[PDB]
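S.K.: Can you look at this? It's an experimental structure, sequence on top.
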Amino acid sequence: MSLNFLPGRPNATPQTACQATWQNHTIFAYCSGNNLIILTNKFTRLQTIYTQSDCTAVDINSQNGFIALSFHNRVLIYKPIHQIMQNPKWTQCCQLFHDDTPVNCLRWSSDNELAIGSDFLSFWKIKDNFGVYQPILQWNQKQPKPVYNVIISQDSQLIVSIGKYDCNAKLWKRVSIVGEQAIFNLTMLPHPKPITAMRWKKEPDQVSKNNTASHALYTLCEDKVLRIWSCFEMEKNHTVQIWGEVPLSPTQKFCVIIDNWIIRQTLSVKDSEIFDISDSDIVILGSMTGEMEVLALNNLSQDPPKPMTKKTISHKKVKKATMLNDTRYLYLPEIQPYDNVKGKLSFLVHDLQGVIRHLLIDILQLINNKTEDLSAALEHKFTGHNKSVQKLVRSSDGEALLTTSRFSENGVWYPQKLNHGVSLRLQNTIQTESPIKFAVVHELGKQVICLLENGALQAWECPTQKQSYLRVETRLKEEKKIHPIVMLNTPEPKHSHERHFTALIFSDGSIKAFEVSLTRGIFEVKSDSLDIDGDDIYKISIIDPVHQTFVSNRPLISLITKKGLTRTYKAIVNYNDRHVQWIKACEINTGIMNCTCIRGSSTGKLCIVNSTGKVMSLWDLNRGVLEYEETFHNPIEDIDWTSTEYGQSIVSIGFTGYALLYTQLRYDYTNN
Amino acid sequence: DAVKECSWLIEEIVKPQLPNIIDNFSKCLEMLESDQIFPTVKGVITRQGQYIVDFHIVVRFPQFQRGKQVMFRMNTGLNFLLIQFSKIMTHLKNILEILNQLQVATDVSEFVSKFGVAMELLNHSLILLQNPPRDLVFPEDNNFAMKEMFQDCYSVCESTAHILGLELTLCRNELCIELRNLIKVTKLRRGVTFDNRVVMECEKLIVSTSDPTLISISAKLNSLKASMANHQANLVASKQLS
């Protein structure tokens, strides 16, 4: 199914997210507060790992699929519970603790090697016993300041670090030829400005020996200059020299690299002939305006020294969502192929505003010289709610959602149509003085009305920043005898958007019909109290369409009493009279006395779960006849009804962990 | 902001590596400053530490000695001074003193300057090992160690028919002695005042020999200079940053 996740808002750490090609499963992982999020199979499955601490950095082992996760003064190592399977799963396997310094940045390398730099650039290995994976602090050293970003290559090239705002990158090569306690040889690698980013070139084919040259280092200086530094074994004689320079134009603000690895795995030999750039890697320089230029290096990886230079390939330009959403910084994990989908590169973007974007650029189109605008299309987006969701409130037009918590972190979201299904999109935050007990959304989400457990009725306007401007407020008397149980937006006899007469159902009757509006303050309406059906409303449930229908003639509340006397009540109100009237539209007497859940649709259907909760009964409100009765081995946790202007009613019966969808089936004349 | 952390990091980076270089340089310098075991020409010669005072080689220049082999055997040996190893020993002693004193220097600038001076001295020693010293090369040797040091060198190296001035071929990172024989001239290309009588080159007896002890010292000095190059670059980077 086209199931889209929102696992959790990502952190702002540079290494907060890393894509990795373990066995071509194209794992992706990222840190969100107290959680780690691992998306395994084409991002169609999710695994979340809970840890009682903010996760600083995460990195993935390409060789063996091990995850290294930094937090506080320690690191955790997780391994695929089974080293190979169609549906991988990660479980805790090891712990790393060296000193009392939070592990600011962390990475992974060949054969279980890690460069866990906190302030000292600890280097380790973990893979021993019959599967203890007991780590060995093979090296340790201090730094001028905490490491903001680190990088580790395979084999002799060893490690590089920078530190925040650092202008010289401490290269530590694997100086000692042998011995577990290897000492690392230093180099400064001066730059004219603080490093913005950096990364090693890729060459996995050299394994298992790993003794190879041309470990070129990519480094972007703060002076709009990308730099490629040559490297070679040469008995450790290479190298701290800049091999190639690329000054970005003032329009350019971001840069990314696609290694020869990806091109070789994607383009075929016949296709590789044009533009015939397979001799080196590719570099894409983009600007916030969208426009971007892609170029190819000349002999950027040739073992003998070569005159490296930037040779342009194409001048592309994609939409706003394809490059950046006006973010301050973007962290771009390594671009890797989307598993066996030839010709597609899983470009990722970290927007540092709570959203990660997955684009799936088509490489053959990217390098197309005689080509038009970029074809990148938003494939997935990852974000999440701040703390937790206590309840979800739906706008009856279905185009806005209000997430409410036990705290004041309420959010107004809108569904967003991606290239792969649909996903929510936070648009505003409704800050509240106390938890919202009930609420109702209007104006396609731009206006919100809520009632707090404190009793305050508050009305916000949300026209845009994410700020929600509280425009009106009022308070109730909170008699502590009767209490509200639902809020029904009683439609006006005519389509009216100026005011929204909201009815608070104070248990048995006592409909507080406030004429809430924004341009003018909230009011109060006397009429009227409905039949409480025994002086105690038993499990009232609202009726709402989920489509933009302006009809005022509609039943609003499907009340029920412990005797099963369900009653759907219409709503009629006069703005001039400042009074509202409750009319019993239907009174089907149900055969069930105690019901776990109740709901009804716009199309006159109704659903009730028995007292036991394991039997669902579907009833017709226009006939009073039980249309369906099913018995489930598990309790029915919730029910919810959709609809459309074409009567396409669907009922979702939400069980413990999965939700069934049921739909009406035509009565067959010649069958059962 | 401030490169003070960079300046102070030499103690935690340079200092641990300081003894590994100081001891190696001292070991290399000890060999050069102490006595140690040490047609075609005949015989062999030995160099005692820094100054060679023993010579037993001969010459076989066809043009030398009017066609006769110039067997300028040393008159039982005589004292001599060699500057090729003396400069190396002086540089090594200065480097050791710098490592001993400025290693705990309050200001990293003095330590950086001492390290740079030591590295430059090591590079100079390597260069001098690559090619013979200025006064040791045959063109500018003036028959040194072959006109008076060797017995009967007046005729053995200044024969009437032709001169047979010997020269030290220290161009193979080792000590060697050879000679070039030139007919009498200047009674430009041939010469101007070679040993007071410019002689036009007519034959040569170049012979190449290795240094059992000097080769290892040269290799150690080369490795130390290679390490010191990176050390000096790293040290100067912090100073340039501030």
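M.R.: That came through fine. Numbering: from 1, shown residues only, chains lettered A, B, ... in the order given.

S.K.: mind listing what's buried in stretch B:204-221?
M.R.: Across stretch B:204-221, burial judged by 16 or more other C-beta atoms under 10 Å in any protein chain shown covers B:204, B:205, B:207, B:209, B:211, B:213, B:214, B:217, B:218, B:220, B:221. Quick note: C-beta positions are derived from backbone N, CA and C, even for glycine.

S.K.: export those residues to CSV and tack on distance to residue B:46?
M.R.: Converted to CSV, the buried residues of stretch B:204-221 look like this (distance: C-beta to C-beta, whole Å):
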residue, distance to residue B:46
B:204, 24
B:205, 20
B:207, 15
B:209, 11
B:211, 11
B:213, 10
B:214, 12
B:217, 16
B:218, 18
B:220, 21
B:221, 21
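
S.K.: Please look at residue A:244 and residue A:310 and confirm they touch.
M.R.: Yes. When contacts are counted by C-beta atoms under 8 Å, residue A:244 is listed as touching residue A:310 (7.2 Å).

S.K.: Now distance to residue A:194 and secondary structure too, for the buried residues of stretch B:204-221, in TSV please.
M.R.: Below are these laid out as TSV (distance: C-beta to C-beta, whole Å; DSSP: H, G, I helix; E, B strand; the rest coil):
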residue	distance to residue A:194	secondary structure
B:204	62	strand
B:205	64	coil
B:207	60	coil
B:209	56	coil
B:211	50	coil
B:213	51	coil
B:214	48	helix
B:217	44	helix
B:218	43	helix
B:220	40	helix
B:221	38	helix
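
S.K.: Quick check: residues of the stretch 51-200 of chain A near chain B?
M.R.: Within the stretch 51-200 of chain A, the positions lying close to chain B (C-beta under 8 Å from any C-beta of the partner chain) are A:141, A:142, A:144, A:145, A:165, A:167, A:168, A:185, A:186, A:187, A:188, A:190.

S.K.: Can you say which helix or strand has the first one in it?
M.R.: Applying DSSP states H and E as the criterion places residue A:141 outside every helix and strand.

S.K.: Tell me how many other residues crowd it.
M.R.: Using other C-beta atoms under 10 Å in any protein chain shown, residue A:141 has 17 neighbouring residues.

S.K.: Got phi/psi on it?
M.R.: Note on residue A:141: backbone dihedrals following degrees, to the nearest 10 are phi -170, psi 160.

S.K.: Tell me who's in contact with it.
M.R.: Counting by C-beta atoms under 8 Å, 6 or more residues apart in numbering or on different chains, residue A:141 makes contact with A:120, A:121, A:172, A:184, B:12.

S.K.: That one and residue B:120, how far apart?
M.R.: 29 Å (C-beta to C-beta, to the nearest Å).

S.K.: Need the residue closest to the centroid of chain B.
M.R.: Nearest residue to the geometric centre of chain B (C-alpha atoms, centre = their mean): residue B:84, 3.2 Å.

S.K.: My read is that it contacts residue B:131, right?
M.R.: No. Contact between residue B:84 and residue B:131 fails when scored by C-beta under 8 Å: they sit 10.6 Å apart.

S.K.: so how far is residue A:179 from residue A:236?
M.R.: Plainly put, residue A:236 is 15 Å away from residue A:179 if you go by C-beta to C-beta.

S.K.: before we move on, what about residue A:256?
M.R.: For residue A:256 relative to residue A:179 (C-beta to C-beta), the value is 38 Å.

S.K.: Those two - which one has more neighbours?
M.R.: Shown here are residue A:256 and residue A:179; by other C-beta under 10 Å, residue A:256 has more neighbours (23 against 8).

S.K.: from what I can see that one touches residue A:281, true?
M.R.: No. Proximity of residue A:256 to residue A:281 does not meet the contact threshold set by C-beta under 8 Å, at 10.9 Å.

S.K.: Name the residues contacting each of those two.
M.R.: Here residue A:256 and residue A:281 share no contacting residue, scored by C-beta under 8 Å, 6+ apart.

S.K.: Just put the buried residues of stretch B:204-221 in a markdown table and tack on distance to chain A.
M.R.: Below are these laid out as a markdown table (distance: C-beta to the nearest C-beta, whole Å):
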| residue | distance to chain A |
| --- | --- |
| B:204 | 37 |
| B:205 | 38 |
| B:207 | 32 |
| B:209 | 28 |
| B:211 | 23 |
| B:213 | 24 |
| B:214 | 22 |
| B:217 | 20 |
| B:218 | 17 |
| B:220 | 15 |
| B:221 | 17 |
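
S.K.: circling back to that earlier point, can you check which residues contact both of residue A:244 and residue A:310?
M.R.: residue A:297.

S.K.: How much space separates residue B:152 from chain A?
M.R.: 50 Å (C-beta to the nearest C-beta, to the nearest Å).

S.K.: Could you tell me how many residues sit around that residue?
M.R.: 12.

S.K.: May I ask which helix or strand encompasses residue A:532?
M.R.: Under the criterion of DSSP H and E, residue A:532 resides outside all helices and strands.

S.K.: Give me the nearest residue to it, chain neighbours excluded.
M.R.: Of all residues not flanking residue A:532 in the chain, residue A:508 sits nearest, at 3.2 Å (C-beta to C-beta, 6 or more residues apart in numbering or on different chains).

S.K.: Check whether the one you found sits in a helix, strand or coil.
M.R.: Here residue A:508 is recorded as coil under DSSP: H, G, I helix; E, B strand; the rest coil.

S.K.: Residues contacting stretch A:299-315 from elsewhere in the structure, which ones?
M.R.: Residues outside stretch A:299-315 that contact it (C-beta under 8 Å, 6+ apart): A:201, A:203, A:213-214, A:216, A:228, A:230, A:232, A:243-244, A:246, A:260, A:275, A:277, A:279-283, A:291-298, A:366-369, A:371.

S.K.: And for stretch A:397-415?
M.R.: For stretch A:397-415, the external contacting residues (C-beta under 8 Å, 6+ apart) are A:385-395, A:422-436, A:439, A:441, A:444-445, A:448, A:450, A:462, A:468, A:545-548.

S.K.: Next, count neighbours for the residue in the stretch 251-400 of chain A that chain B sits nearest to.
M.R.: Across the stretch 251-400 of chain A, no residue is closer to chain B than residue A:305, which sits at 19.1 Å (C-beta to the nearest C-beta). Residue A:305: 13 surrounding residues under other C-beta under 10 Å.

S.K.: Likewise for residue A:363?
M.R.: Using other C-beta under 10 Å, residue A:363 has 23 other residues around it.

S.K.: That one reaches residue A:346, doesn't it?
M.R.: No. Contact criterion C-beta under 8 Å: residue A:363 and residue A:346 do not qualify, at 11.0 Å.

S.K.: helices or strands up against the longest strand along chain B?
M.R.: Secondary structure of chain B per DSSP state E: the longest strand is strand B:177-184. Packed against strand B:177-184 by the contact rule (3 or more C-beta pairs under 8 Å, 6 or more residues apart in numbering or on different chains; DSSP states H and E) you find strand B:162-163, strand B:166-168, strand B:199-204.

S.K.: Just checking the distance from it to the centre of its chain.
M.R.: A distance of 22 Å separates the centroid of the chain from that of strand B:177-184, by C-alpha atoms, centre = their mean, to the nearest Å.

S.K.: What of stretch A:153-164?
M.R.: The answer for stretch A:153-164 is 31 Å, by C-alpha atoms, centre = their mean.

S.K.: Need the contact partners of it.
M.R.: For stretch A:153-164, the surrounding residues in contact (C-beta under 8 Å, 6+ apart) are A:109-110, A:115, A:117, A:121, A:123, A:143-152, A:169-174, A:184, A:189, A:195, A:198, A:200, A:203-204, A:206-207, A:209-212, A:215, A:217, A:231, A:233, A:236.

S.K.: Lovely, talk soon.
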